[PDB]
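Let me begin by presenting the structure, written as structure tokens, before commenting on it.
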Amino acid sequence: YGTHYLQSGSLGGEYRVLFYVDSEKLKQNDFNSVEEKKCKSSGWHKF
Amino acid sequence: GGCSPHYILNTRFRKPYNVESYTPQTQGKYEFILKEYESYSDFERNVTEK
Ligand SMILES: *[C@@H]1O[C@H](CO)[C@@H](O[C@@H]2O[C@H](CO)[C@@H](O)[C@H](O)[C@H]2NC(C)=O)[C@H](O)[C@H]1NC(C)=O
């Protein structure tokens with residue numbers, strides 16, 4: 001039977017809402033390009 | 001015996017001798033959890049010798 005009895009009070013209804021949203025987005029692009037050449041020429045006059 | 005008036009809404013009930021109370025203590029708890037996760041990773045190379 002518990003510890004107390006109700007001497008007075010109100011009756012009715014309780015309505016509660018908790019609603020939570022958490023979005024994260026990440027996009028990352030890394031690009032690297034390397035171009036190298038050598039050229040050489042030798043000759044005299046015939047070679 | 002018994003035959004004390006017990007009502008729920010307009011419907012009146014006869015309580016069993018054994019039962020101390022049967023009472024409409026209405027309550028409701030909803031719970032919704034949605035977790036979506038994505039990962040993508042891309043790797044390329046292009047390499048040439050002449
Ligand atoms: C490797 O080379 C290919 C071909 O050039 C690259 O794909 C091309 O990229 C260009 C520019 O983005 C587009 O216009 C072409 O339509 C693509 N063609 C094809 C078949 O994919 C590709 O991006 C290069 N990758 C690296 C890492 O250098």
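Residue numbering restarts at 1 in every chain; chains get A, B, ... in the order shown in the structure tokens, and ligands count up from 1 in that same order.
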> What residues have any atom no more than 6 Å from ligand 1 when counting only C-alpha atoms and all ligand atoms, and can you list them as a ChimeraX atom specification?
Replying inline: /B:44-46
>> as JSON, numbers by chain, could you give me every residue of chain A near chain B (at most 10 Å apart, counting only C-alpha atoms)?
In response: {"A": [13, 14, 15, 16, 17, 18, 19, 20, 21, 22, 23, 24, 25, 26, 27, 28, 29, 30, 31, 32, 33, 34, 35, 36, 37]}
>> Show me, as a ChimeraX atom specification, the residues that have an atom within 8 Å of residue 15 of chain B when counting only C-alpha atoms, minus same-chain residues fewer than 3 positions from it.
In response: /B:2-3,6,19,21-22
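Going from atom CA of residue 25 of chain B to atom CA of residue 5 of chain B covers 17.9 Å.
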